[PDB]
2 protein chains.
Amino acid sequence: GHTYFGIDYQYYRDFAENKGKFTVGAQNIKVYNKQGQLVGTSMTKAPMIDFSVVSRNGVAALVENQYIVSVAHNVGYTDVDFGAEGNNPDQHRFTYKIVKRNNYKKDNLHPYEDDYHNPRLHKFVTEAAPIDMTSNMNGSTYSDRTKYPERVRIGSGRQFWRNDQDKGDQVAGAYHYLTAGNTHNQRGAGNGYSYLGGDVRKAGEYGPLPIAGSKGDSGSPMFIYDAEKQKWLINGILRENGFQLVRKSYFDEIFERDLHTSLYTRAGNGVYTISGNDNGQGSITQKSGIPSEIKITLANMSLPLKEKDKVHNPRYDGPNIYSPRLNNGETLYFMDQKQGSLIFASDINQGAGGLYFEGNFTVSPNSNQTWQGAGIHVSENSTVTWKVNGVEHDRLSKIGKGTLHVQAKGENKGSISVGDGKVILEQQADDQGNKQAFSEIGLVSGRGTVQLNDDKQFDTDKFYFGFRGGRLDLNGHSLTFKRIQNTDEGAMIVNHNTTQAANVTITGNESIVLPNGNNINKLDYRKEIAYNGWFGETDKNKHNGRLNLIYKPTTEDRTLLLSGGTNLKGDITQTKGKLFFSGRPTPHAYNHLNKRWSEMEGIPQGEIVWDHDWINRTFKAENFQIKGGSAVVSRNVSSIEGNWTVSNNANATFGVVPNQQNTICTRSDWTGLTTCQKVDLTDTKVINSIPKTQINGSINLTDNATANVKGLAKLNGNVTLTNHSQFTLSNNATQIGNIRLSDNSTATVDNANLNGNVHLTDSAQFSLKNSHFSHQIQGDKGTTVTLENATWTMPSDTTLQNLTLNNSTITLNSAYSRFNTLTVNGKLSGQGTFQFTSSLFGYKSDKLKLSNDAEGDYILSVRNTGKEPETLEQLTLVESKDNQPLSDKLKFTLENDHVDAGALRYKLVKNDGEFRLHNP
Amino acid sequence: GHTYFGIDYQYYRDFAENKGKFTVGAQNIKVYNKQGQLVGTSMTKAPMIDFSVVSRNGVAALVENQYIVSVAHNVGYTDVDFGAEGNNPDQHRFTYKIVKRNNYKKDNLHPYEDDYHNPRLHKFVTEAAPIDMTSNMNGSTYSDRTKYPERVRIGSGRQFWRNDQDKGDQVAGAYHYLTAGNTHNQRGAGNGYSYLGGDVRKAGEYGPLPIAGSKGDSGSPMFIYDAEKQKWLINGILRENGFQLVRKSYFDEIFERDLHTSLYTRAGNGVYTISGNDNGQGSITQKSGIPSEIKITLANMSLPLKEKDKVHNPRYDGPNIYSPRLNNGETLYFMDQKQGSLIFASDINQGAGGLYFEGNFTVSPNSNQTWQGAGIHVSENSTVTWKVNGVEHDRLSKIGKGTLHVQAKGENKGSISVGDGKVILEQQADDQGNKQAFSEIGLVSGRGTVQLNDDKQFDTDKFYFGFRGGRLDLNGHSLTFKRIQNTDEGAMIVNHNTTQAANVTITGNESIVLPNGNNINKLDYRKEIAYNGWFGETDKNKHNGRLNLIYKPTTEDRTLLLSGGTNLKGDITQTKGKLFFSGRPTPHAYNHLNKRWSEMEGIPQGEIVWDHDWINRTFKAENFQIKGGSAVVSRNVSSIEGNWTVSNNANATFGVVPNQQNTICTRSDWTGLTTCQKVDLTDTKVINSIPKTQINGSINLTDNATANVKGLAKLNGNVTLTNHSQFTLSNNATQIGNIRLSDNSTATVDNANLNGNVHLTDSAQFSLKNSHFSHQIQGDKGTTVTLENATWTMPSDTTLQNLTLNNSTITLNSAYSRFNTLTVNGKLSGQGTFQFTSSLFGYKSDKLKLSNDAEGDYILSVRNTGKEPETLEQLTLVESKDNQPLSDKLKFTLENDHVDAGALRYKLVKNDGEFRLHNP
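Residues numbered from 1 in each chain as written, not as in the entry; some residues may be left out. Chains lettered and ligands numbered in written order. Heavy atoms only, no water. Residues with missing side-chain atoms left out of burial classes, pairs and counts.

Structure determination for this PDB entry is given in the record as X-ray crystallography, at a resolution of 2.200 Å.

What follows is the structure, given as structure tokens:
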């Protein structure tokens, strides 16, 4: 298509991929031109369309579970696929095959032009919900912009951008990638058609991003928003541009041709028996109803797998490939109001025919009969007990809001894609002890759930969350993964069991030594693995059962990246390796442009990632037990909630520091690869975009554990240390809470803000560097407090043991800028300043109480109020803790050399073993 | 004398010592016999006599400042002393020496019998005010019992008690101790005499305790109450018993013989110059008046210190010792209406002559002249500026209501006894820098005041409050004591300065290791010291200036007992050791009886202390700052008022517990020694005699501080706790106020009554054991409430975090014996009962809202009112705080298994994650 070079190409790419700000449902997206000026606001009258119904190759759209729409003259393509762009193998993109083209035939009862077809696919599509069609064939219907306020199109035809002189550069050939936007303005319409066209340089009546089609865009879909229904509908297919309106009545004729057999037993508890053979002939016997026997059509093996379909217009001649063998199968519809039964008397290959179930059914083999077909659709509130195995190298498609309770015997060699509703896994062991539900299991489209009703149902290496994921409900069971295959934040691991807890263990990749051969999956041999999804249920109306997460790699050099979220009623445990809690870059459409046009556009080749444009995440658990290795809470984490226990030689670090390098872990949407690397955080825009992490919990360090809260982070909780643990608050981070040190632990506040109190015992040490502190410090026998380049404003009477000063100032009383005393029971040493307040009139003041061990060089500064004393006494400033005299190694100097209280001049003297203010 | 064995000997002993109920001024003292029957009521028509005017040896009474009265035939005694019984060295009892006997000579102008003398003492007596004499010599005068309703006597003659057969046991020899009571009945009187006599077994016209004299009682005084004057007067001296009436006219002749020189200058501003020499010759020069020179007599050193006085009756021959040398001195009287002057041109030794000053005087040495004499009497409203030093080993006696402003130079080696009025200390340093007002200073008789007008005026170890004490007015100055020498509650330390605060520091005894040598003062080497007096002014008409008290011993094992009172405008601070606020046993006369007669009387040998008979005390300060050590409020403290702050590892304990041992601190009146020891409190009479201490203030605990209110105590205030402080209310004590816990503090109510609310935050804990509680408890994140063997009746909606039950019951609503909800946001656990009220008719009830953490075994009891429901619903009783279901570890059981509302039967079920009342 043709875009406007006056607007960033990225808009049109993001639009098509539902990336950047154009996520599904989003509204009011501002669109600026290259001059940074507002062109318009997008999607002000409709939630952003879900383009997942459009095939990756842009030439078709999903209008039913196994049907697409396109132009007949697209005579070459034989299949479609869906989902997100890229080559991340976790996605397991599926190739849906056309088995019947359904090229329109113009005739007395089919008035419209024959460049139009409704292909049937060989499987039910699971990755996306089909889109409804508009029903009126009069183009004028859709001109009303109150009823139809938004209109969009999308395609992969030859790509151009046009400048202000309307000159086009062709930046890509057809079928390379998708571009999209709103359509051009309404430009004339009639029976079966509509024309849209206008000036790409200009904002249109459907929005700031008008886009026209070109060679290769034929067949691509055009969508219209019905504001009354609140639905996006497909309105037409591209044939300025002309569109052939969609044909709902024609589609109905195709559909009813493939689905015409309804099995139903009026009294309920129907019993049906099915059999067939390789020549595509089949039969369904109904226990009692008349007729007892119903003939059905199945996959016909005597027919070619490929053949040339009907061609009704000589212009649209070409390969026109279809599958007479698969298309022979009809779709069956079973309804029962009580408990129905379906018995497999023989293997069944339905070909492109599928199964719909309305009501509960028990489906059972007489022996070991298998099934194979388009897929299974189970109605809302219906449960289908499925006791029939599948076929090797065949994928079963499960759709519908209902439940599929899998309960066949032995090792099922078929796989499954769970697009909608629920699949319960409960395969039974065979006589030989073999038990496997599927050889491979995927959750896609976010609508589906896999629920475990037994152990050892599948190989966890063969389970994946594909495009938009879904729910894996452990239902009280436990699993171990090496790595979890996942594509995005749609991935959810939960436990809906109210009664039994569940555990997920992640062990990381077995080896990081590359194998040989010619189909290496690099994801399996990397030190870094990642999970983009959720642990724990976020839906308030679903049960968030107990769920624990354990990261237990084999080697110290293995990383697990969590970039989605946790809502765990349970703990997260780390035994080794590296564990990152992180936000992630906002997704953006990949840049397919060559060197030249990339340079013209001013964007890098390949992956588009903006350092200032990240998604913010939240994490929550009951406890974080870091028993070993290293846990890191990195950038764009809004909050992490739960209590921390770091033990042995483990470590936990919170926050990234502006103007330094930080290790940043990100996974590529394009390859699925995770990369951890030191990155400079120096850009103002980037720095300002990163939230200060709210750490909502307390921290306990034991043994040799270390914890570090730094930079863009705020600890909303206490820290407790024992043994030889160490805690550091630095780089302008903040803590709202207390620090409690025992044994041989250590704490340090380096250029940071501790809003709370410190309490040491035993041999603990507290260090305050390059900071100001205005709270309480309590230290007893054995403990050492140290200040360096620091100021401390004491709030009240305080006791310490040893205290070491170095270019630091202690203000004894908050009134300096009723009276307090600092007692140093142990050794004071070093050099610095003490700031005093006093009332010479009452001969009262702040006090510094020292022991025989005191020593060093200090400055005394005194602020006195009010009156001149009505008597002559001495005011003690520095005294001994008892009657012994202060050391001669102790040296004090009064600032300004003297203190005046009216006409009375006091100086500093060492008299009788103490330092007093004296009047000569 | 002779007492009645039918009445406790203690009455007669207490009477003589003004102890038990017979304190000075007391009235209506009931006297019971050994059969517990009322014999009579004592002192119904006069306030109890002050026997302090009677010499300790019982043979004389104080009739003027330096004169006594007795019989001439008492020819052996050479001195007298006064005060209280016992050997407490703090009393510094003084030996007053007879310098002239003044044996009566019968002649034409002296009609009466010559067994009578009026001894002159060498010093003015400071410990007691002299008593007036009756003036009529006709014995019949005093028979009128309307005018003279009360009459008493006292002596130390041979001691007997007589039984109902009037048989005497002699229980002690003469001159061992004093006994006293009212006199016998009037039995004949004439010129110069009176006889009193009757039956000791019987109550007499002067009261229930008639007492007769015996051998050794000769000379002892007999007193009569003049009801018109409202005075006790001495009426006669003992010679059934005969008494020689007192001779007022004879005494006047003696007095005028010794005091006949009045110095006076009509125009005011008189100027007198005094000199003398060793031969007892002296001179006073008057500036201008005629004659200019007046001869005076002084101590005559050429005369013997001892000699035999005049003997007028050969029967009364014997030693008759007097002091011709001291008696030679005459007393001088100086009056001036403006400002008079007295100049010492030479040292002066007045001997037994003293000084009276009426009006203001300046008394000055030309050089370093000293003075020595009987004492100084300064008139009311007169000030005598005294610039003359004293003499080593000589005590100066200060009496009169006027002021003595001491302002001499250098180190005065004399001491002083301040009996009356005011002495201001302002010694000036000499050229060499020596400065000392007196080598020793005592306050006695409660009438006197020492006021400090400078620092370093005396050694605080040499200052004492003797018999009945007096006021030490710090007047804005500060002092430190090791121990304060004090005898009784007459001791007062105050600060009358309206402008400058004052501090008293008490440090305790320097060492507790006994010295060697043969004059050890045990009081100086004990761990326990005590102060029987007051801190702060109690007189409303005097200024109660700011005064602070600091107890700061060196070692943890040192105790300070305060058994008197405080009324401090200021604080009490404790840094270490043990501090007791206590009442004290009522004083009782010491038991001098041997083994035999003690056993007969049924009383212990030695000190008489009754465990049920204690004096109740009050204490008041602004703040009690217990910064270290232990503060204890012990038995017989009516109230202690002020706010408490207990910090560091300090402790404060209130109340004694019935039926347990309590540490009781008491000081012996007899030895001055303080003893602290565990004592069982098991006697009903003792228990009932102890008041419940009203603690009138609030309590703040910080750091590791602990406080304990228990037993006979009531806290009328709030408690606030921080850090790791702990507070316990136990043993049936009561608190009217709230408890507020923060940080890691803890509170417990063990079998006690908390009338108020509890509020926890952070990690605080509240424990309720073996108690019933009916007020509010509020606890948020982190906090734990615990009940053991307790019931709690919630008053309104309540929120807690964690809650632990153990054999305890929570009644959700006060109506159980409009609806309330208890929310437990955190973990509930344990076992117990919840009592509910409900209205099934409206489907409303009390609620228990729990979280996922809830667990344990509980009983649900439900009381329902009124109607049968006109609809069928479920009534939720126990619910979740949100949509998650309650744990399976949570178990409830409905009491009685069911609830009925008319014909409708509801049972308890767990339905949909909640516990509801359900109708099958």
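Moving on, there is more to tell.
Asks: So, the sheet that holds strand β16 (residues 231–238) of chain A: which residues are in play, and what are the values?
Replies: Residue and element names in this part refer to chain A. Spatially, seven strands are ordered β12-β9-β15-β16-β17-β14-β13 in an open sheet, and the strand pairing comes out antiparallel. Here the strands that pair on one side only, and so sit at the sheet edges, are β12 (179–182) and β13 (186–190). Neighbour-to-neighbour, the strand axes of the sheet open up by a mean angle of 30°, direction not taken into account. Across four bridges, the pairing between strand β14 (residues 193–196) and strand β17 (residues 241–245) is antiparallel. From the neighbouring strand, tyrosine 193 faces β17, where its bridge partner is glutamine 244. Lying on the sheet, helix α1 (residues 9–17) is in contact with β9 (151–155) and β12; it crosses β12 at an angle near 90°. (Pairing = 2+ DSSP bridges. Helix = DSSP H or I, 4+ residues; strand = E, 2+ residues; numbered from the N terminus. Axes fitted to C-alpha atoms, helices over the stretch in contact; angles between N-to-C directions. Contact = heavy atoms within 4.5 Å.)

Asks: Describe in detail the relation of the copies chain A and chain B, supporting the description with residues and values.
Replies: Take chain A, turn it by 180°, move it 21 Å along the axis, and it overlays chain B with an RMSD of 0.0 Å. The two copies present different faces, since only 6% of the interface residues in chain A are matched by interface residues at the equivalent positions in chain B. (Least-squares fit on C-alpha atoms.)

Asks: Could you give an account of the domain arrangement of chain A, with specific residues and numbers?
Replies: All names here are of chain A. Parsing chain A into structural domains produces domain 1 (1–259 + 298–328) and domain 2 (260–297 + 329–920). Relative to domain 2, the C-alpha centre of domain 1 lies at a distance of 42 Å. The interface of domain 1 with domain 2 comprises 58 residues on the first partner and 71 residues on the second. Taking both sides of the interface into account, the surface hidden between domain 1 and domain 2 amounts to around 4800 Å²; carbon and sulfur atoms contribute 54%. Its largest share of buried area at the contact with domain 2, domain 1 owes to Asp90, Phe124 and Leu298, together 18% of the area lost on that side. Measuring nitrogen to oxygen at the nearest pair gives 3.4 Å for the salt bridge that ties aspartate 90 to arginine 667. At the junction of domain 1 with domain 2, the criterion picks out 39 residue pairs in polar contact. By residue number, the principal contributor to the side of domain 1 that touches domain 2 is α1, which donates five residues. (Domains from an automatic or database assignment. Buried area = accessible area lost by both parts, 1.4 Å probe. Salt bridge = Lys/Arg side-chain N within 4 Å of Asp/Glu carboxyl O. Polar contact = N/O pair within 3.5 Å; in protein donor to acceptor, adjacent residues only side chain to side chain.)

Asks: Explain the packing of aromatic side chains to me, and be specific about the residues and the numbers.
Replies: Taken as a whole and judged by the stated rule, the model has 76 aromatic pairs over all chains. For the pair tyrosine 67 of chain A and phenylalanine 251 of chain A, a centre-to-centre distance of 5.2 Å together with 85° between the ring planes defines the contact as edge-to-face. An aromatic cluster is built from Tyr272, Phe334, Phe344, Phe357, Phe361, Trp371 and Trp386 of chain A, whose rings are joined through pairwise contacts. Over the aromatic face of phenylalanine 5 of chain A sits the side chain of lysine 34 of chain A, whose NZ or CZ is 3.4 Å from the ring centroid. Geometry around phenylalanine 94 of chain B places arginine 395 of chain B over its ring, the cationic atom sitting 3.6 Å from the centre. (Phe/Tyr/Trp six-rings, centres within 6.5 Å; stacked < 30°, edge-to-face > 60°. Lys NZ or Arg CZ within 6 Å of the ring centre and 35° of its normal.)

Asks: Explain helix α2 (residues 248–258) of chain A residue by residue, including any values.
Replies: All names here are of chain A. Along α2, the residues that are buried comprise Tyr250, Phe251, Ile254 and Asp258. Take α2 and look down its axis: the buried residues cluster within an arc of 100°, on one side only. When the buried face of α2 is taken as reference, the exposed residues oriented beyond 90 degrees from it are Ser249 and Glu256. Taken together, the buried residues of α2 touch β4 (61–64), β5 (67–69), β8 (120–121) and α3 (324–327). (Buried < 20%, exposed > 50% of the residue type's maximum accessible area, 1.4 Å probe, protein only. Arc of directions from axis to C-beta.)

Asks: Break down the state of the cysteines for me, with residues and values.
Replies: All names here are of chain A. If you walk through the whole model with that rule in mind, you get two disulfides over all chains. At a sulfur-sulfur separation of 2.0 Å, the disulfide partner of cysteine 665 is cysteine 676. When the S-S torsion is 105°, as for the bridge of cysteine 665 with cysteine 676, the disulfide is right-handed. Residue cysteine 665 is found in strand β55 (residues 661–667), and its partner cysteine 676 is found in strand β56 (residues 674–680); the two are separated by eleven residues along the sequence. Residue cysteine 665 is classed as buried on the basis of its relative accessible area, which comes to 1%. A relative accessible area of 26% places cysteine 676 in the partly exposed class. (Disulfide = S-S within 2.5 Å.)

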